[PDB]
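One chain comes next, on its own, written as structure tokens: the form deposited in one PDB entry.
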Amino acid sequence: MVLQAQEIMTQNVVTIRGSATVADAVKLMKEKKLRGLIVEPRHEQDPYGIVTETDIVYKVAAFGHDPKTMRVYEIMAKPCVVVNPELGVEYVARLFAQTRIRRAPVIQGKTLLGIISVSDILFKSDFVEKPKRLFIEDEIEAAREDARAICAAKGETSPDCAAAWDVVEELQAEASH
């Protein structure tokens, strides 16, 4: 089976109010050893947010702002990009690359189950031993249509026909790990 986000996520996830200071955030991250805090929703409809080590370094430290006067609402992402627990890790990897984030809460319904990061992916993903190309199932469909057309046009016993079907088979082998 495809390895899922919830199988590699960090389960220790702490939350903080958006009204807290950045100093409060930094203290919590130091005590708990955390590179990201989830911002508590204030009510059922209110979205999840996140504040991360990079937010704090780029937006506070890099200008020399006083973390005791800045607040989490001034530097958090809210709404933040979120991850389904069933989502395959290769998709998380990609969501992360496309949106340029390194971590996200894992949410199922409106319940917070954990937090998943690039480090989680590097350290616990099966991607070295089971690399599987994204959208391969869509590739398989397309390569079958191509193969069917080449064989109709050039003949069932032509080198180009046999080549096109070989593509269908290398892909199907690749999709079954």
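By rigid core we mean the largest C-alpha set that fits within 1.5 Å across both forms. In this text, residue numbers run from 1 along the sequence as written.
The next section is about a form of this same protein that is not shown, the form deposited in another entry.
Peer 1: Please check if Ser19 moves between the shown form and the other one, taking a CA shift of 2 Å or more relative to the superposed core as movement.
Peer 2: Where the cores coincide, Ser19 shows only a C-alpha shift between the shown form and the other one that is less than 2 Å.
Peer 1: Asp146: with the rigid core matched between the shown form and the other one, does its Cα shift 2 Å or more?
Peer 2: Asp146: C-alpha displaced by 2 Å or more between the shown form and the other one.
Peer 1: At a change of 3 Å or more, would you call the C-alpha separation of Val167 and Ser125 in the other form closer or farther than in the form supplied?
Peer 2: Compared with this form, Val167 and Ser125 lie farther apart in the other form.
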